[PDB]
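Engineer: Handing you this structure, nothing more for now.
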There are 2 protein chains.
Amino acid sequence: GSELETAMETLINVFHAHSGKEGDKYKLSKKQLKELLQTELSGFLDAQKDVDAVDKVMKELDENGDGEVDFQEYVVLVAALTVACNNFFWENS
Amino acid sequence: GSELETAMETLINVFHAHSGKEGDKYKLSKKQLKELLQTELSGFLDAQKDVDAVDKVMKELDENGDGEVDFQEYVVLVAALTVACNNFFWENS
């Protein structure tokens, strides 16, 4: 297909949107990322099938505050929580 | 926003679409992933600003054939190539 490209542009759209606000408009911070993550995934957080997995990521930012990440990194996490809330990947039957 | 969720569903839509075809409909293979990757990112491959970075991923699958990956992994790679072709993250001015 070709929709894949549409998704990539969508992810960057949001990331670029929160890129401003507070901090330098070039990268996201661990503290700021904490909000950006849930702020958007707020819908998924509503019902987490595996909070234990998400907790690891939530506390990960708590440990590092002055730290930072990149765009790709923002794409990895979102997928981590998406799976935790989505059981369409835990199928075994 | 809330579009982020739309992107997540889009990515899974394609992945789930190619999940069938050949092999077990549960996970993607290194060999099969090679096609799925470019097959979709075929548009980006048209003009790669940094083929050196992509080559590392392309040859990565060549090394491992009987290997395998997961959904999240498919989300990490796509972001790797997206950045290589996208210079909106290499800004320095």
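A note on labels: chains of the structure tokens are A, B, ... as shown, every chain counts residues from 1, and ligands are counted from 1 in their shown order.
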Applying 8 Å and only C-alpha atoms, which residues near residue 49 in chain A remain after dropping the ones on its own chain fewer than 5 positions away? List them as a VMD selection string.
Structural biologist: chain A and resid 84 to 87
Engineer: With a distance cut-off of 12 Å and only C-alpha atoms, select the neighbouring residues of range 20-30 of chain B, excluding the residue or stretch itself and same-chain residues fewer than 6 positions from it, and output the selection as a VMD selection string.
Structural biologist: (chain A and resid 88 to 93) or (chain B and resid 14 36 to 37 57 to 74)
Engineer: Report the closest atom pair, with its distance in Å rounded to one decimal, for each residue of chain A that has an atom no farther than 6 Å from chain B; count only C-alpha atoms, sort by chain and then rising residue number, and write it as JSON lines.
Structural biologist:
```
{"residue": "A:7", "atom": "CA", "partner": "B:7", "partner_atom": "CA", "distance": 4.5}
{"residue": "A:72", "atom": "CA", "partner": "B:79", "partner_atom": "CA", "distance": 5.4}
{"residue": "A:76", "atom": "CA", "partner": "B:76", "partner_atom": "CA", "distance": 5.6}
{"residue": "A:79", "atom": "CA", "partner": "B:72", "partner_atom": "CA", "distance": 5.4}
```
